[PDB]
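There is one chain below, alone, in structure tokens, taken in the form deposited in one PDB entry.
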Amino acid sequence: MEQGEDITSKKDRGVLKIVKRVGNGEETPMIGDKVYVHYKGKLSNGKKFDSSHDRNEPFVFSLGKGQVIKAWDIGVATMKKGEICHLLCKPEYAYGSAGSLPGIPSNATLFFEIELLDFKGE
């Protein structure tokens, strides 16, 4: 039984996490860390709207700086190196009413698969 963990501060089930592969040790990235991920995102219809693998390149960002949707700044901060999770993201924690068009509609829930490849201090 794989139940989603609500990892929001407001506990409004806006970001739900399920671990699919356990990572190494207990360390998680800190705000400001450079993080390296592979990911896939699907819309509710099951079609991919995004994927780093489809670009053949890991995605890199600084954690906690708003360089990614809120759901990722929250979610990746909970991941161990080597961890794979699924992350369900309500639009309020993603692209909201604006969307990111044309690929991500307004008011869309996003369904991610994320692998935390590595992270390091700023």
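So that there is no doubt, residue numbering starts at 1 and follows the sequence shown.
Only in words, not in the display: the form deposited with a partner chain bound, which the text now covers.
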Checklist entry - Does its partner chain get within 4.5 angstroms of any non-hydrogen atom of residue 50 in the entry with it bound? => result yes
Next on the checklist: Please tell me whether any heavy atom belonging to residue 67 falls inside 4.5 Å of a heavy atom of its partner chain, as the geometry stands in the entry with it bound.
Outcome noted: yes
Checklist entry - Would residue 104 show up as a contact with its partner chain in the entry with it bound if we use heavy atoms at 4.5 Å? => result yes
Item to check | Contact test in the entry with it bound: residue 100 vs its partner chain, heavy atoms, 4.5 Å | outcome: yes
